[PDB]
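# Topology and contacts: notes
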Amino acid sequence: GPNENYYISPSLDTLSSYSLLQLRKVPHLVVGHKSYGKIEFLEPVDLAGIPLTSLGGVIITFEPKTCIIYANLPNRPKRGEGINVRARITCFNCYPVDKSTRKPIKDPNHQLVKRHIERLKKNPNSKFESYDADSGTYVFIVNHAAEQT
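In short, a report on the structure.

## Re the sheet that holds strand β6 (residues 127-131)
Strands sit in the order β1-β2-β5-β7-β6 across an open sheet of 5 strands; the sheet is antiparallel. The outermost strands of the open sheet, each flanked by one partner alone, are β1 (29-32) and β6. Recorded for the sheet is a direction-independent mean angle of 15° between the axes of neighbouring strands. Across 4 bridges, the pairing between β6 and strand β7 (residues 138-141) is antiparallel. Paired with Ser130 across the strands is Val139, a residue of β7.

This is the structure:
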């Protein structure tokens, strides 16, 4: 996908061309900007017209290091249907160099990569998926759709 821009399941406009059920029943959700990072959602989107614009405008934002939802939207479904965040997020440039020595690290050296992974395990707020040393890419799943209250 050497696409300069980002593609969707199968695009903002392409999605609109969806049938009545298809629009409200989004099978596979795929959103990625290649360079920014590949993000895939296993959740659905039932709106029967995509009225996201009313809620915001961009409908979807992705920082080239961090993922951005609608706006800290804890899946607040006051009225209508909402999409869960039960998906995997992938971010590039995991290696944020070493500030201690300012050692520009851009290789699979993994000098302190192990330390970062250990911290993730302690964090019981997100589910660790799989970490690739060769690509240094970090993928994890944080589904907060379900609330205990």
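## Focus: the packing of aromatic side chains
By the definition in use, this model includes 2 aromatic pairs. Ring geometry for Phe128 and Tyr138: centres 5.8 Å apart, planes at 20°, overall stacked. Within this pair, whereas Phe128 is found in strand β6, its partner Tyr138 is found in strand β7, the two being separated by 10 residues in sequence. Classification of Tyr138 as buried rests on a relative accessible area of 17%. Members of the aromatic cluster, each reached through a chain of ring pairs, are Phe128, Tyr138 and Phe140.

## Quick word on a nonpolar patch on the surface
On the surface, a cluster of nonpolar side chains totalling about 220 Å² of accessible area is made up of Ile69, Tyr70 and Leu73. The topology assignment puts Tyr70 in the loop between β4 (67-68) and β5 (87-91). For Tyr70, a relative accessible area of 33% puts it in the partly exposed group.

Reading the values: rules and limits
Residues numbered from 1 in each chain as written, not as in the entry; some residues may be left out. Heavy atoms only, no water. Pairing = 2+ DSSP bridges. Helix = DSSP H or I, 4+ residues; strand = E, 2+ residues; numbered from the N terminus. Axes fitted to C-alpha atoms, helices over the stretch in contact; angles between N-to-C directions. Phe/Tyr/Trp six-rings, centres within 6.5 Å; stacked < 30°, edge-to-face > 60°. Buried < 20%, exposed > 50% of the residue type's maximum accessible area, 1.4 Å probe, protein only. Patch = residues over 30% accessible without salt bridge, like charges linked within 9 Å, V, L, I, M, F, W, Y side chains within 5 Å. Areas by Shrake-Rupley, 256 points an atom, 1.4 Å probe, with all protein chains shown as cover. Salt bridge = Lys/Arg side-chain N within 4 Å of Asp/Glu carboxyl O.

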